[PDB]
$ cat query.pdb   # PDB, C-alpha atoms (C1' of nucleotides)
ATOM      1  CA  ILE B   4       1.434 -20.258  26.294
ATOM      2  CA  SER B   5       4.171 -21.702  24.086
ATOM      3  CA  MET B   6       7.673 -20.570  23.129
ATOM      4  CA  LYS B   7       7.199 -21.067  19.391
ATOM      5  CA  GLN B   8       4.438 -18.459  19.565
ATOM      6  CA  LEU B   9       6.949 -16.041  21.081
ATOM      7  CA  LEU B  10       9.483 -16.855  18.364
ATOM      8  CA  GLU B  11       6.890 -16.315  15.628
ATOM      9  CA  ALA B  12       5.979 -12.997  17.231
ATOM     10  CA  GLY B  13       9.672 -12.079  17.298
ATOM     11  CA  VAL B  14       9.717 -11.592  21.069
ATOM     12  CA  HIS B  15      13.245 -12.977  21.399
ATOM     13  CA  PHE B  16      14.671  -9.911  19.626
ATOM     14  CA  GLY B  17      15.879  -6.954  21.673
ATOM     15  CA  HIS B  18      17.594  -3.663  20.854
ATOM     16  CA  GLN B  19      21.214  -3.228  19.811
ATOM     17  CA  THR B  20      24.070  -3.681  22.252
ATOM     18  CA  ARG B  21      25.208  -0.138  23.060
ATOM     19  CA  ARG B  22      21.787   0.599  24.585
ATOM     20  CA  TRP B  23      22.006  -2.533  26.767
ATOM     21  CA  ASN B  24      21.037  -1.780  30.333
ATOM     22  CA  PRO B  25      22.976  -4.313  32.462
ATOM     23  CA  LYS B  26      20.094  -4.807  34.889
ATOM     24  CA  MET B  27      18.423  -6.961  32.232
ATOM     25  CA  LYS B  28      21.294  -9.467  32.212
ATOM     26  CA  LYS B  29      18.994 -11.398  34.557
ATOM     27  CA  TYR B  30      16.840 -12.037  31.468
ATOM     28  CA  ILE B  31      19.238 -11.760  28.520
ATOM     29  CA  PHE B  32      19.885 -15.187  27.018
ATOM     30  CA  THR B  33      22.536 -14.305  24.400
ATOM     31  CA  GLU B  34      23.037 -11.973  21.439
ATOM     32  CA  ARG B  35      22.759 -12.759  17.731
ATOM     33  CA  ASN B  36      24.620 -10.658  15.145
ATOM     34  CA  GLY B  37      24.989  -7.862  17.716
ATOM     35  CA  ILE B  38      21.486  -7.731  19.241
ATOM     36  CA  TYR B  39      20.723  -9.205  22.648
ATOM     37  CA  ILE B  40      18.207 -12.015  23.103
ATOM     38  CA  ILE B  41      15.745 -12.584  25.933
ATOM     39  CA  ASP B  42      15.473 -15.686  28.115
ATOM     40  CA  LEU B  43      12.348 -17.373  26.848
ATOM     41  CA  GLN B  44      11.562 -19.973  29.512
ATOM     42  CA  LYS B  45      11.819 -17.252  32.153
ATOM     43  CA  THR B  46       9.696 -15.058  29.888
ATOM     44  CA  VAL B  47       6.966 -17.715  29.693
ATOM     45  CA  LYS B  48       6.998 -18.233  33.459
ATOM     46  CA  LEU B  49       6.690 -14.491  34.047
ATOM     47  CA  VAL B  50       3.907 -14.212  31.463
ATOM     48  CA  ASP B  51       1.907 -16.890  33.261
ATOM     49  CA  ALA B  52       2.638 -15.185  36.586
ATOM     50  CA  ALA B  53       1.420 -11.775  35.412
ATOM     51  CA  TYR B  54      -1.596 -13.466  33.824
ATOM     52  CA  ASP B  55      -2.538 -15.020  37.159
ATOM     53  CA  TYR B  56      -1.952 -11.758  39.029
ATOM     54  CA  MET B  57      -4.075  -9.692  36.662
ATOM     55  CA  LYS B  58      -6.772 -12.360  36.729
ATOM     56  CA  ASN B  59      -6.785 -12.019  40.517
ATOM     57  CA  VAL B  60      -7.145  -8.256  40.063
ATOM     58  CA  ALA B  61     -10.112  -8.567  37.704
ATOM     59  CA  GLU B  62     -11.695 -11.135  40.032
ATOM     60  CA  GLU B  63     -11.383  -8.697  42.930
ATOM     61  CA  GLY B  64     -12.990  -6.081  40.678
ATOM     62  CA  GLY B  65     -10.158  -3.598  40.268
ATOM     63  CA  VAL B  66      -9.732  -1.328  37.275
ATOM     64  CA  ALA B  67      -7.166  -1.705  34.495
ATOM     65  CA  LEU B  68      -5.469   0.927  32.355
ATOM     66  CA  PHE B  69      -3.458   0.182  29.209
ATOM     67  CA  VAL B  70      -0.732   2.329  27.671
ATOM     68  CA  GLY B  71       0.900   2.299  24.265
ATOM     69  CA  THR B  72       1.720   5.281  22.084
ATOM     70  CA  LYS B  73       4.363   4.366  19.513
ATOM     71  CA  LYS B  74       3.480   3.393  15.952
ATOM     72  CA  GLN B  75       3.684  -0.320  16.746
ATOM     73  CA  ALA B  76       1.127  -0.780  19.563
ATOM     74  CA  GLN B  77      -1.484   2.006  19.613
ATOM     75  CA  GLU B  78      -4.041  -0.070  17.650
ATOM     76  CA  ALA B  79      -3.542  -3.578  19.017
ATOM     77  CA  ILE B  80      -3.683  -2.288  22.581
ATOM     78  CA  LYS B  81      -6.894  -0.425  21.738
ATOM     79  CA  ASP B  82      -8.357  -3.608  20.246
ATOM     80  CA  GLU B  83      -7.613  -5.728  23.300
ATOM     81  CA  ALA B  84      -8.715  -3.003  25.721
ATOM     82  CA  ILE B  85     -12.075  -2.731  23.981
ATOM     83  CA  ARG B  86     -12.254  -6.532  24.082
ATOM     84  CA  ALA B  87     -11.649  -6.602  27.841
ATOM     85  CA  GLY B  88     -13.840  -3.588  28.625
ATOM     86  CA  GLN B  89     -10.929  -1.956  30.482
ATOM     87  CA  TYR B  90      -9.541   1.423  29.647
ATOM     88  CA  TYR B  91      -6.639   2.496  27.501
ATOM     89  CA  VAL B  92      -4.344   5.141  26.069
ATOM     90  CA  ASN B  93      -3.292   5.056  22.411
ATOM     91  CA  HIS B  94      -1.830   8.587  22.076
ATOM     92  CA  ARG B  95       0.233  10.965  24.245
ATOM     93  CA  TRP B  96      -0.006  10.409  27.969
ATOM     94  CA  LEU B  97      -1.195  13.627  29.579
ATOM     95  CA  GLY B  98       0.968  14.756  32.464
ATOM     96  CA  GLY B  99      -1.553  14.891  35.266
ATOM     97  CA  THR B 100      -3.801  12.157  33.877
ATOM     98  CA  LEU B 101      -3.923  10.536  37.329
ATOM     99  CA  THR B 102      -2.194  12.979  39.663
ATOM    100  CA  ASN B 103      -4.573  15.737  38.500
ATOM    101  CA  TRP B 104      -7.624  13.500  38.119
ATOM    102  CA  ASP B 105      -9.845  16.187  39.643
ATOM    103  CA  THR B 106      -8.924  18.536  36.777
ATOM    104  CA  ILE B 107      -8.950  15.951  33.983
ATOM    105  CA  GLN B 108     -12.473  14.985  35.033
ATOM    106  CA  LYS B 109     -13.582  18.485  34.028
ATOM    107  CA  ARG B 110     -12.359  17.921  30.477
ATOM    108  CA  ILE B 111     -14.013  14.504  30.421
ATOM    109  CA  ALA B 112     -17.222  16.288  31.405
ATOM    110  CA  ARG B 113     -16.573  18.738  28.570
ATOM    111  CA  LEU B 114     -16.294  15.844  26.120
ATOM    112  CA  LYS B 115     -19.535  14.355  27.428
ATOM    113  CA  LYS B 116     -21.190  17.766  27.155
ATOM    114  CA  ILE B 117     -20.109  18.361  23.549
ATOM    115  CA  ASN B 118     -21.332  14.874  22.640
ATOM    116  CA  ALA B 119     -24.652  15.179  24.483
ATOM    117  CA  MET B 120     -25.298  18.564  22.876
ATOM    118  CA  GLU B 121     -24.242  17.911  19.272
ATOM    119  CA  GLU B 122     -25.489  14.314  18.973
ATOM    120  CA  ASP B 123     -27.989  13.703  21.797
ATOM    121  CA  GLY B 124     -29.176  17.301  22.047
ATOM    122  CA  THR B 125     -28.933  17.886  18.290
ATOM    123  CA  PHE B 126     -29.239  21.641  18.676
ATOM    124  CA  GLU B 127     -27.353  23.155  15.665
ATOM    125  CA  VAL B 128     -28.372  26.626  16.873
ATOM    126  CA  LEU B 129     -24.974  28.324  16.875
ATOM    127  CA  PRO B 130     -23.317  28.719  13.457
ATOM    128  CA  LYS B 131     -20.913  26.743  11.298
ATOM    129  CA  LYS B 132     -17.703  28.574  12.221
ATOM    130  CA  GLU B 133     -18.220  27.942  15.940
ATOM    131  CA  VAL B 134     -19.518  24.380  15.701
ATOM    132  CA  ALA B 135     -16.525  23.477  13.516
ATOM    133  CA  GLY B 136     -14.095  24.622  16.201
ATOM    134  CA  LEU B 137     -16.159  22.672  18.711
ATOM    135  CA  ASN B 138     -15.937  19.551  16.557
ATOM    136  CA  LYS B 139     -12.157  19.919  16.359
ATOM    137  CA  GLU B 140     -12.052  20.289  20.148
ATOM    138  CA  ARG B 141     -14.058  17.064  20.299
ATOM    139  CA  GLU B 142     -11.542  15.492  17.923
ATOM    140  CA  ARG B 143      -8.603  16.383  20.165
ATOM    141  CA  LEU B 144     -10.402  15.183  23.287
ATOM    142  CA  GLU B 145     -11.286  11.894  21.595
ATOM    143  CA  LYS B 146      -7.660  11.648  20.465
ATOM    144  CA  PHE B 147      -6.143  12.067  23.937
ATOM    145  CA  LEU B 148      -8.800  11.462  26.614
ATOM    146  CA  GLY B 149     -10.854   9.138  24.402
ATOM    147  CA  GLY B 150      -9.707   5.997  26.201
ATOM    148  CA  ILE B 151     -10.411   6.989  29.825
ATOM    149  CA  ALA B 152     -13.844   8.592  29.413
ATOM    150  CA  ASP B 153     -16.068   6.429  31.614
ATOM    151  CA  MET B 154     -13.220   5.089  33.751
ATOM    152  CA  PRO B 155     -14.785   5.690  37.188
ATOM    153  CA  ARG B 156     -11.620   5.868  39.317
ATOM    154  CA  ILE B 157      -7.857   5.579  39.027
ATOM    155  CA  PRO B 158      -6.802   2.074  37.952
ATOM    156  CA  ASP B 159      -5.726  -0.736  40.226
ATOM    157  CA  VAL B 160      -3.217  -1.900  37.597
ATOM    158  CA  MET B 161      -1.396  -0.220  34.720
ATOM    159  CA  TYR B 162      -0.196  -2.240  31.739
ATOM    160  CA  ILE B 163       2.449  -0.404  29.712
ATOM    161  CA  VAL B 164       4.394  -1.242  26.565
ATOM    162  CA  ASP B 165       7.571   0.883  26.862
ATOM    163  CA  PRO B 166       8.562   2.492  30.204
ATOM    164  CA  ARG B 167      11.340   4.616  28.678
ATOM    165  CA  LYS B 168       8.900   6.197  26.230
ATOM    166  CA  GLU B 169       6.168   6.227  28.915
ATOM    167  CA  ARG B 170       8.437   7.619  31.625
ATOM    168  CA  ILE B 171       5.604   9.831  32.923
ATOM    169  CA  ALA B 172       2.900   7.265  33.673
ATOM    170  CA  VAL B 173       5.481   5.036  35.351
ATOM    171  CA  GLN B 174       6.356   7.898  37.678
ATOM    172  CA  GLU B 175       2.690   8.673  38.345
ATOM    173  CA  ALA B 176       2.074   5.059  39.315
ATOM    174  CA  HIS B 177       5.084   5.297  41.621
ATOM    175  CA  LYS B 178       3.655   8.446  43.218
ATOM    176  CA  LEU B 179       0.251   6.805  43.675
ATOM    177  CA  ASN B 180       1.354   3.289  44.753
ATOM    178  CA  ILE B 181      -0.227   1.846  41.599
ATOM    179  CA  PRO B 182       1.164  -1.473  40.300
ATOM    180  CA  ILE B 183       2.749  -1.709  36.881
ATOM    181  CA  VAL B 184       2.876  -4.504  34.334
ATOM    182  CA  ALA B 185       5.348  -3.769  31.576
ATOM    183  CA  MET B 186       6.646  -5.067  28.265
ATOM    184  CA  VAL B 187      10.225  -4.503  29.349
ATOM    185  CA  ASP B 188      13.016  -4.821  26.774
ATOM    186  CA  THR B 189      16.836  -4.886  26.789
ATOM    187  CA  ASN B 190      17.267  -1.118  27.322
ATOM    188  CA  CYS B 191      14.679  -0.397  30.034
ATOM    189  CA  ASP B 192      14.846  -0.549  33.829
ATOM    190  CA  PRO B 193      12.922  -3.438  35.465
ATOM    191  CA  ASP B 194      13.395  -2.168  39.036
ATOM    192  CA  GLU B 195      10.725   0.473  38.334
ATOM    193  CA  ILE B 196       8.198  -2.341  37.760
ATOM    194  CA  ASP B 197       6.372  -4.629  40.168
ATOM    195  CA  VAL B 198       5.521  -7.291  37.557
ATOM    196  CA  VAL B 199       8.003  -7.532  34.698
ATOM    197  CA  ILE B 200       7.409  -9.203  31.349
ATOM    198  CA  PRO B 201      10.523  -9.392  29.133
ATOM    199  CA  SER B 202       9.617  -8.699  25.528
ATOM    200  CA  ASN B 203      10.484  -6.770  22.374
ATOM    201  CA  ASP B 204       9.466  -3.156  21.866
ATOM    202  CA  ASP B 205       8.955  -3.353  18.088
ATOM    203  CA  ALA B 206       6.823  -6.416  17.314
ATOM    204  CA  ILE B 207       3.172  -5.745  16.487
ATOM    205  CA  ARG B 208       2.467  -9.476  16.687
ATOM    206  CA  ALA B 209       4.111  -9.666  20.113
ATOM    207  CA  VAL B 210       2.130  -6.717  21.449
ATOM    208  CA  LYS B 211      -1.127  -8.212  20.202
ATOM    209  CA  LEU B 212      -0.240 -11.604  21.688
ATOM    210  CA  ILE B 213       0.624 -10.381  25.177
ATOM    211  CA  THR B 214      -2.214  -7.862  25.300
ATOM    212  CA  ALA B 215      -4.586 -10.621  24.195
ATOM    213  CA  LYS B 216      -3.426 -12.743  27.111
ATOM    214  CA  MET B 217      -4.057  -9.817  29.466
ATOM    215  CA  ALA B 218      -7.523  -9.242  27.998
ATOM    216  CA  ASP B 219      -8.175 -12.953  28.484
ATOM    217  CA  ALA B 220      -6.961 -12.611  32.074
ATOM    218  CA  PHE B 221      -9.548  -9.915  32.712
ATOM    219  CA  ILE B 222     -12.441 -11.578  30.888
ATOM    220  CA  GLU B 223     -11.695 -14.864  32.687
ATOM    221  CA  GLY B 224     -11.448 -13.164  36.057
ATOM    222  CA  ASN B 225     -14.897 -11.775  35.249
TER     223      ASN B 225
ATOM    224  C1'   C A   1       5.785  60.375  51.103
ATOM    225  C1'   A A   2      -1.109  59.477  55.596
ATOM    226  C1'   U A   3      -5.385  58.728  51.841
ATOM    227  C1'   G A   4      -9.651  57.962  48.642
ATOM    228  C1'   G A   5     -11.315  59.382  44.025
ATOM    229  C1'   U A   6      -9.517  61.253  39.323
ATOM    230  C1'   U A   7      -5.425  61.192  35.720
ATOM    231  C1'   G A   8      -0.354  60.889  32.544
ATOM    232  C1'   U A   9       3.270  57.532  30.963
ATOM    233  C1'   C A  10       5.600  52.694  29.704
ATOM    234  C1'   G A  11       1.519  51.360  25.840
ATOM    235  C1'   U A  12      -3.531  49.606  22.377
ATOM    236  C1'   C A  13       2.962  47.520  23.262
ATOM    237  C1'   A A  14       0.945  42.374  24.138
ATOM    238  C1'   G A  15       2.069  40.924  27.603
ATOM    239  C1'   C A  16       0.633  39.706  33.383
ATOM    240  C1'   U A  17      -1.172  36.081  36.550
ATOM    241  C1'   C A  18      -3.779  32.080  38.970
ATOM    242  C1'   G A  19      -5.827  26.740  40.417
ATOM    243  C1'   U A  20      -4.350  21.629  40.192
ATOM    244  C1'   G A  21      -0.315  18.617  39.088
ATOM    245  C1'   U A  22       5.107  17.612  38.107
ATOM    246  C1'   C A  23      10.442  18.904  38.708
ATOM    247  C1'   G A  24      13.787  21.309  41.896
ATOM    248  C1'   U A  25      16.799  20.617  49.305
ATOM    249  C1'   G A  26      15.092  25.516  48.154
ATOM    250  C1'   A A  27      14.436  30.152  46.119
ATOM    251  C1'   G A  28      12.031  28.933  41.804
ATOM    252  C1'   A A  29      10.936  26.492  37.115
ATOM    253  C1'   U A  30       6.817  24.309  34.255
ATOM    254  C1'   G A  31       2.766  25.985  31.989
ATOM    255  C1'   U A  32       3.990  31.292  29.195
ATOM    256  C1'   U A  33       9.191  27.597  26.081
ATOM    257  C1'   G A  34      10.126  24.634  20.696
ATOM    258  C1'   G A  35       8.277  24.478  14.603
ATOM    259  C1'   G A  36       5.583  27.556  11.575
ATOM    260  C1'   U A  37       1.995  31.964  11.676
ATOM    261  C1'   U A  38      -0.161  36.500  13.116
ATOM    262  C1'   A A  39      -0.915  43.262  13.899
ATOM    263  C1'   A A  40      -1.600  40.380  18.389
ATOM    264  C1'   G A  41       0.742  34.225  24.280
ATOM    265  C1'   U A  42      -3.408  35.446  17.590
ATOM    266  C1'   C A  43      -3.984  30.189  15.624
ATOM    267  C1'   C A  44      -2.312  25.446  14.922
ATOM    268  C1'   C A  45       1.194  21.386  15.582
ATOM    269  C1'   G A  46       4.320  19.475  19.437
ATOM    270  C1'   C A  47       5.707  18.904  24.369
ATOM    271  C1'   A A  48       5.400  17.272  31.660
ATOM    272  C1'   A A  49       1.322  19.363  31.824
ATOM    273  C1'   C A  50      -3.848  20.098  31.981
ATOM    274  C1'   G A  51      -6.972  24.264  32.024
ATOM    275  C1'   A A  52      -8.750  29.014  33.383
ATOM    276  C1'   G A  53      -8.868  34.449  34.182
ATOM    277  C1'   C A  54      -7.133  39.471  33.111
ATOM    278  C1'   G A  55      -5.715  41.392  28.474
ATOM    279  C1'   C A  56      -5.724  40.727  22.218
ATOM    280  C1'   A A  57      -9.731  39.885  18.791
ATOM    281  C1'   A A  58     -15.107  40.352  18.711
ATOM    282  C1'   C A  59     -19.907  42.447  20.822
ATOM    283  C1'   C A  60     -20.206  49.211  20.368
ATOM    284  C1'   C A  61     -20.041  54.301  17.319
ATOM    285  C1'   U A  62     -19.203  56.449  12.574
ATOM    286  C1'   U A  63     -18.101  56.358   7.494
ATOM    287  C1'   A A  64     -18.386  53.095   2.890
ATOM    288  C1'   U A  65     -23.225  50.202  -1.020
ATOM    289  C1'   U A  66     -28.259  49.072  -0.722
ATOM    290  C1'   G A  67     -33.808  46.692   0.103
ATOM    291  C1'   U A  68     -38.217  48.131   2.738
ATOM    292  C1'   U A  69     -41.695  51.553   5.904
ATOM    293  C1'   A A  70     -42.319  56.523   6.404
ATOM    294  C1'   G A  71     -42.735  61.897   2.873
ATOM    295  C1'   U A  72     -42.860  67.461   6.313
ATOM    296  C1'   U A  73     -40.401  72.140   7.803
ATOM    297  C1'   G A  74     -36.958  67.935   3.127
ATOM    298  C1'   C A  75     -36.604  66.608  -2.706
ATOM    299  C1'   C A  76     -38.419  67.839  -8.079
ATOM    300  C1'   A A  77     -37.837  63.304 -12.826
ATOM    301  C1'   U A  78     -42.495  62.575 -15.066
ATOM    302  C1'   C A  79     -46.423  67.555 -15.850
ATOM    303  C1'   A A  80     -48.411  72.736 -15.814
ATOM    304  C1'   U A  81     -47.147  76.994 -13.811
ATOM    305  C1'   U A  82     -43.117  81.195 -10.375
TER     306        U A  82
END
$ encode --input "query.pdb" --output "structure tokens"
Amino acid sequence: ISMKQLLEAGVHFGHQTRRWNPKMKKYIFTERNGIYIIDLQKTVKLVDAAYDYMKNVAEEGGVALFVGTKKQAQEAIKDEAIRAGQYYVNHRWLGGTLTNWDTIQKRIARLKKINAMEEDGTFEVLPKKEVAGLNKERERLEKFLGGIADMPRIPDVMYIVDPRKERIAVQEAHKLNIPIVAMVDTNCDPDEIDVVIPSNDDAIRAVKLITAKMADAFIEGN
RNA sequence: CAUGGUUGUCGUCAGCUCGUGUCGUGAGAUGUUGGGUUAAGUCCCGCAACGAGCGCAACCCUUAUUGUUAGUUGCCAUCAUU
């Protein structure tokens, strides 16, 4: 991967000063007009590193779970997850998604049941007022649990856009000894992450670029 | 004031709990709170929680209009007679 690609994506931009976590001085290059800038050679080296690591994961056959919920990532991450065949989250992370897997699996079964009845069963016995509520239940379940339906087990790696916004899944991975890849920025904590990738939080192009490299990592490990 | 069973009340007010998970040294919190809404934790949206049960509501009775089947011990318009 190049550096001009990163520049075109706008990766080198971070958040304003006053939110600047000092742990990321390891990766801050400078600031421009009052906004800190990320060290791009180090960023490229870390990108290639994480690419190799996640390729090793997909070669060994582990499972991968993506996370992005803000306005700027919840479509590109879905795109690349569907490309790679690995699972994803595009809306609110459910507290207990992994720690309470045995309970969440019941609601996944409920989703499968509603689908198999309405569309594979095609029963239409019960009336309109009830089936409408059922369809809205299906809508919510597809909104939240839609990305982890057939995911057979907990992941062996969790790719995340923003750890501050996704403070829950980070903590769940910590509880479960699950490794984290992260699009860290100039306000987040890297010490909560096993494989850091410096980046910007608010660049659709950047998110698509990095997530495309991860999807390529998986497809080229398999 | 040994008990069962039965019952009154708070109160037909809408609240009380649980499993799993998370947070808290812990007791405990969360869920059950927040924005609206409802007669109602009723419903939705949101959220470190997901859900579920008891309850609410509904399924029940009666009244409120009416189709059909039935027409005596009930009823009398079309008719004649008391």
$ resolve_selection --input "query.pdb" --expression "the PyMOL selection byres ((chain A) within 12 of (chain B))" --output "list in words"
residues 19, 20, 21, 22, 23, 30, 31, 43, 44, 45, 46, 47, 48, 49, 50, 51 and 52 of chain A
$ atom_distance --input "query.pdb" --atom1 "CA of residue 52 in chain B" --atom2 "CA of residue 213 in chain B"
12.5 Å
$ residues_around --input "query.pdb" --residues "range 61-69 of chain B" --least-positions-apart "6" --cutoff "7 Å" --atoms "all atoms listed in the file" --output "list in words"
residues 89, 90, 91, 92, 158, 159, 160, 161, 162, 163, 221, 224 and 225 of chain B
$ residues_near_point --input "query.pdb" --point "(5.9, -6.6, 30.6)" --cutoff "9 Å" --atoms "all atoms listed in the file" --output "VMD selection string"
chain B and resid 49 to 50 53 162 to 165 183 to 188 196 198 to 202 213
$ resolve_selection --input "query.pdb" --expression "the PyMOL selection byres ((chain B and resi 5-17) around 12)" --output "ChimeraX atom specification"
/B:4,18-24,27,30-48,50-51,186-191,200-213
$ axis_aligned_box --input "query.pdb" --around "range 36-49 of chain A" --padding-each-side "3 Å" --output "AutoDock Vina command-line options"
--center_x 0.9 --center_y 30.3 --center_z 21.7 --size_x 15.7 --size_y 32.0 --size_z 26.2
$ atom_distance --input "query.pdb" --atom1 "CA of residue 220 in chain B" --atom2 "CA of residue 197 in chain B"
17.5 Å
$ closest_residue --input "query.pdb" --among "A:2, A:54, A:60, A:77" --to "residue 18 in chain A" --atoms "all atoms listed in the file"
A:54
$ closest_residue --input "query.pdb" --among "A:80, A:16, A:27, A:1" --to "residue 55 in chain A" --atoms "all atoms listed in the file"
A:16
$ atom_distance --input "query.pdb" --atom1 "CA of residue 125 in chain B" --atom2 "CA of residue 137 in chain B"
13.6 Å
$ resolve_selection --input "query.pdb" --expression "the PyMOL selection byres ((chain B and resi 118) around 12)" --output "ChimeraX atom specification"
/B:111-117,119-126,134,137-138,140-142,144-145,152
$ build_atoms --input "query.pdb" --residues "range 151-168 of chain B" --atoms "N, CA and C atoms" --output "tab-separated table (two decimals), in the frame of the given file"
chain	number	residue	atom	x	y	z
B	151	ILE	N	-10.15	6.99	28.39
B	151	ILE	CA	-10.41	6.99	29.82
B	151	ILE	C	-11.71	7.70	30.17
B	152	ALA	N	-12.65	7.78	29.22
B	152	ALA	CA	-13.84	8.59	29.41
B	152	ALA	C	-14.65	8.13	30.62
B	153	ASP	N	-15.20	6.93	30.56
B	153	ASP	CA	-16.07	6.43	31.61
B	153	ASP	C	-15.31	5.71	32.71
B	154	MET	N	-13.98	5.78	32.73
B	154	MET	CA	-13.22	5.09	33.75
B	154	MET	C	-13.54	5.71	35.11
B	155	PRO	N	-14.21	5.00	36.02
B	155	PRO	CA	-14.78	5.69	37.19
B	155	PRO	C	-13.75	6.21	38.17
B	156	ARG	N	-12.63	5.51	38.33
B	156	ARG	CA	-11.62	5.87	39.32
B	156	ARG	C	-10.25	5.65	38.69
B	157	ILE	N	-9.21	5.89	39.48
B	157	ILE	CA	-7.86	5.58	39.03
B	157	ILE	C	-7.77	4.07	38.90
B	158	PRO	N	-6.87	3.53	38.08
B	158	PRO	CA	-6.80	2.07	37.95
B	158	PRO	C	-6.21	1.43	39.19
B	159	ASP	N	-6.42	0.12	39.28
B	159	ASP	CA	-5.73	-0.74	40.23
B	159	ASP	C	-4.58	-1.50	39.58
B	160	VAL	N	-4.35	-1.30	38.29
B	160	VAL	CA	-3.22	-1.90	37.60
B	160	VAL	C	-3.03	-1.16	36.28
B	161	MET	N	-1.76	-0.97	35.91
B	161	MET	CA	-1.40	-0.22	34.72
B	161	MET	C	-0.48	-1.07	33.86
B	162	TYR	N	-0.98	-1.51	32.72
B	162	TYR	CA	-0.20	-2.24	31.74
B	162	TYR	C	0.39	-1.26	30.74
B	163	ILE	N	1.69	-1.38	30.49
B	163	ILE	CA	2.45	-0.40	29.71
B	163	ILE	C	3.32	-1.16	28.72
B	164	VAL	N	3.46	-0.62	27.51
B	164	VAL	CA	4.39	-1.24	26.56
B	164	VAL	C	5.84	-0.86	26.88
B	165	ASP	N	6.18	0.43	26.81
B	165	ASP	CA	7.57	0.88	26.86
B	165	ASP	C	7.76	1.89	28.00
B	166	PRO	N	8.41	1.52	29.11
B	166	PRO	CA	8.56	2.49	30.20
B	166	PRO	C	9.46	3.67	29.87
B	167	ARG	N	10.48	3.49	29.03
B	167	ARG	CA	11.34	4.62	28.68
B	167	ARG	C	10.57	5.68	27.91
B	168	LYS	N	9.73	5.25	26.96
B	168	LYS	CA	8.90	6.20	26.23
B	168	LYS	C	7.75	6.70	27.08
